[PDB]
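A quick write-up on the structure given underneath.
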Amino acid sequence: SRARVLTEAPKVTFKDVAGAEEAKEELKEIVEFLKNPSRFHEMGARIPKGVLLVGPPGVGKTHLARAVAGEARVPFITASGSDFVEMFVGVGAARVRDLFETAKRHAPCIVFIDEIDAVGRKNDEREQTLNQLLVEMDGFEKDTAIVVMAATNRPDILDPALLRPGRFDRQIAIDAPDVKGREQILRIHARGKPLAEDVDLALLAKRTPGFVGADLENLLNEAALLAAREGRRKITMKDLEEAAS
């Protein structure tokens, strides 16, 4: 059967992501290869092919691979490795085959395989899907500037094939935001939400080690309800304390 993906030109930029500046830099190469693939091949350039983002969930990996496509003003085709193995029959591959057929038509372009763990989680239905992914990537022509991006949190349980040179031979770490990072996140979400002067974001940021982007959201969104519940209007450092419980 057909592949069925989601093509779209992202307007998102790096300036639209809190932290991950370390990872952003590495990606700066991916962005310029997409902008001028010609130049790269001309020179002895690295020429990326598979960028595997590694980090905890809700850390904003998918959100970053999107800022990459936008940063280069290039298309961002998405797909779900889950959809590939989900449907049985010789479909699994036939779809992966399509995904890059639609990709070659929009190259340069970032192809994002979501839940690649479903595809390369080191039971024959997968193997067939995985194998095709290596043939497509190992079969990328110079005029085909497709940079396949995927995310995960277990590059160790991932079939060594996908990681071998020529495929996803480039891992970037997207860790939980640092004190400052969390601070930025909390401020961004706090603006559309009321707060009492007693609420100290800086403190909240330093007091939330381990919280992911989507975690600092709850804390705020949740504290809002906890206060709105007591006929209160603003979020007090007190409600934020009760939410973390």
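Following the order of the structure tokens, chains are lettered A, B, ..., residues in each are numbered from 1, and ligands are numbered from 1.
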
Which residues, written as a short mmCIF file (atom, residue, chain, number, x, y, z; two decimals) with N, CA and C atoms, in the first residue's frame, have at least one atom at most 12 Å from residue 188 (chain A), with only C-alpha atoms counted and residues fewer than 5 positions away on the same chain left out?
data_model
loop_
_atom_site.label_atom_id
_atom_site.label_comp_id
_atom_site.auth_asym_id
_atom_site.auth_seq_id
_atom_site.Cartn_x
_atom_site.Cartn_y
_atom_site.Cartn_z
N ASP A 16 13.36 29.61 18.31
CA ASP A 16 12.07 29.20 18.83
C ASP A 16 12.19 27.92 19.66
N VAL A 17 13.36 27.73 20.26
CA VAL A 17 13.62 26.57 21.09
C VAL A 17 14.48 26.98 22.28
N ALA A 18 14.02 26.65 23.48
CA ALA A 18 14.75 27.00 24.70
C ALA A 18 15.91 26.05 24.97
N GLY A 181 17.92 26.81 31.28
CA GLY A 181 16.98 26.31 30.29
C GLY A 181 15.58 26.24 30.85
N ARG A 182 15.44 25.57 31.99
CA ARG A 182 14.14 25.44 32.64
C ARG A 182 13.56 26.82 32.93
N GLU A 183 14.44 27.75 33.31
CA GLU A 183 14.03 29.11 33.62
C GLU A 183 13.35 29.75 32.42
N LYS A 193 -0.09 33.04 31.56
CA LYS A 193 -0.71 32.61 32.80
C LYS A 193 -0.45 33.61 33.94
N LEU A 201 10.22 32.58 39.64
CA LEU A 201 10.55 31.66 38.56
C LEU A 201 11.97 31.11 38.69
N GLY A 213 10.46 19.91 29.27
CA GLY A 213 9.64 21.01 28.81
C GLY A 213 8.16 20.84 29.14
N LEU A 216 7.35 21.32 33.11
CA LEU A 216 7.26 22.66 33.65
C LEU A 216 5.94 23.30 33.22
N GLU A 217 5.34 22.73 32.18
CA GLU A 217 4.07 23.21 31.67
C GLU A 217 3.00 22.80 32.68
N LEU A 220 2.74 24.64 35.98
CA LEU A 220 2.07 25.92 35.81
C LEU A 220 0.59 25.74 35.53
#

Contacts of residue 162 (chain A) at 12 Å (only C-alpha atoms; same-chain gap of 4+ positions) as a tab-separated table (two decimals) with N, CA and C atoms, in the first residue's frame:
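Output saved as out29.tsv:
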chain	number	residue	atom	x	y	z
A	49	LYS	N	23.44	12.03	6.47
A	49	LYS	CA	22.42	11.14	5.91
A	49	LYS	C	21.41	10.74	6.97
A	50	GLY	N	21.90	10.47	8.18
A	50	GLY	CA	21.02	10.08	9.26
A	50	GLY	C	21.42	10.69	10.58
A	51	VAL	N	20.57	11.56	11.11
A	51	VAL	CA	20.84	12.22	12.38
A	51	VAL	C	19.88	11.66	13.42
A	52	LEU	N	20.43	10.93	14.38
A	52	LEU	CA	19.62	10.33	15.43
A	52	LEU	C	19.71	11.13	16.73
A	116	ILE	N	11.16	5.44	15.68
A	116	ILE	CA	12.02	4.55	14.90
A	116	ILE	C	12.34	3.30	15.71
A	117	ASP	N	12.07	3.36	17.01
A	117	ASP	CA	12.31	2.22	17.89
A	117	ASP	C	11.48	1.04	17.41
A	119	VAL	N	10.82	0.39	14.43
A	119	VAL	CA	11.47	-0.11	13.23
A	119	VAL	C	12.78	-0.83	13.51
A	120	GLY	N	13.67	-0.18	14.25
A	120	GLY	CA	14.96	-0.78	14.54
A	120	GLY	C	15.24	-1.25	15.96
A	121	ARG	N	14.22	-1.77	16.64
A	121	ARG	CA	14.39	-2.28	18.00
A	121	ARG	C	15.02	-3.67	17.93
A	122	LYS	N	16.31	-3.70	17.61
A	122	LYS	CA	17.09	-4.94	17.48
A	122	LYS	C	16.30	-6.21	17.82
A	127	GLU	N	12.13	-6.50	10.43
A	127	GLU	CA	13.32	-6.74	9.63
A	127	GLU	C	13.12	-6.27	8.20
A	129	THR	N	11.04	-4.07	7.15
A	129	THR	CA	10.92	-2.62	7.14
A	129	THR	C	12.26	-1.95	7.36
A	130	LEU	N	13.05	-2.53	8.25
A	130	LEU	CA	14.37	-2.01	8.58
A	130	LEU	C	15.31	-2.10	7.39
A	131	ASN	N	15.37	-3.29	6.79
A	131	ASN	CA	16.22	-3.54	5.64
A	131	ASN	C	16.03	-2.52	4.54
A	132	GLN	N	14.77	-2.22	4.23
A	132	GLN	CA	14.47	-1.26	3.18
A	132	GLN	C	15.02	0.11	3.54
A	133	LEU	N	15.00	0.45	4.82
A	133	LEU	CA	15.48	1.76	5.27
A	133	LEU	C	16.98	1.94	5.00
A	134	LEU	N	17.72	0.83	5.04
A	134	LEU	CA	19.17	0.84	4.78
A	134	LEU	C	19.42	0.99	3.27
A	135	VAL	N	18.59	0.33	2.47
A	135	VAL	CA	18.72	0.39	1.01
A	135	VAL	C	18.39	1.80	0.49
A	136	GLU	N	17.39	2.43	1.10
A	136	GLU	CA	17.00	3.78	0.69
A	136	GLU	C	18.10	4.78	1.05
A	137	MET	N	18.59	4.69	2.29
A	137	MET	CA	19.64	5.58	2.76
A	137	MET	C	20.97	5.32	2.06
A	138	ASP	N	21.32	4.05	1.91
A	138	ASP	CA	22.57	3.69	1.25
A	138	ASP	C	22.46	3.94	-0.25
A	148	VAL	N	17.62	12.18	6.72
A	148	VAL	CA	16.68	11.46	7.58
A	148	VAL	C	16.99	11.67	9.06
A	149	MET	N	16.01	12.18	9.80
A	149	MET	CA	16.17	12.43	11.22
A	149	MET	C	15.23	11.57	12.05
A	150	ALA	N	15.73	11.04	13.16
A	150	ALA	CA	14.92	10.22	14.05
A	150	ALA	C	15.34	10.48	15.49
A	155	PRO	N	19.74	4.11	22.14
A	155	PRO	CA	20.58	3.82	20.97
A	155	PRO	C	21.38	2.53	21.14
A	156	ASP	N	21.26	1.92	22.31
A	156	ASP	CA	21.97	0.68	22.60
A	156	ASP	C	21.13	-0.53	22.21
A	157	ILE	N	19.81	-0.41	22.32
A	157	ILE	CA	18.91	-1.51	21.96
A	157	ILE	C	18.51	-1.37	20.49
A	158	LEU	N	19.13	-0.41	19.82
A	158	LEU	CA	18.86	-0.15	18.42
A	158	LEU	C	19.81	-0.95	17.53
A	166	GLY	N	26.85	5.65	6.92
A	166	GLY	CA	26.06	5.65	5.71
A	166	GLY	C	24.58	5.76	6.04
A	167	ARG	N	24.25	5.45	7.29
A	167	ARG	CA	22.87	5.51	7.76
A	167	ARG	C	22.78	6.61	8.82
A	168	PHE	N	22.48	6.22	10.06
A	168	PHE	CA	22.39	7.18	11.15
A	168	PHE	C	23.73	7.24	11.88
A	169	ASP	N	24.78	7.65	11.16
A	169	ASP	CA	26.11	7.74	11.75
A	169	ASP	C	26.35	9.12	12.36
A	170	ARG	N	25.34	9.64	13.05
A	170	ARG	CA	25.44	10.95	13.69
A	170	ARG	C	24.40	11.09	14.80
A	171	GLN	N	24.85	10.98	16.04
A	171	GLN	CA	23.96	11.09	17.18
A	171	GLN	C	24.14	12.42	17.90

Can you work out which one of A:77, A:173, A:110, A:87 has the shortest atom-to-atom distance to residue 54 (chain A), counting only C-alpha atoms?
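That would be A:173, the residue with the smallest distance to residue 54 (chain A).
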
Check the DSSP output for the backbone and give back, as a VMD selection string, the residues of region 7-110 of chain A in alpha helix (DSSP H).
chain A and resid 21 to 35 37 to 42 61 to 71 81 to 86 91 to 104

What is the CA of residue 1 (chain A) to CA of residue 91 (chain A) distance in Å?
5.6 Å
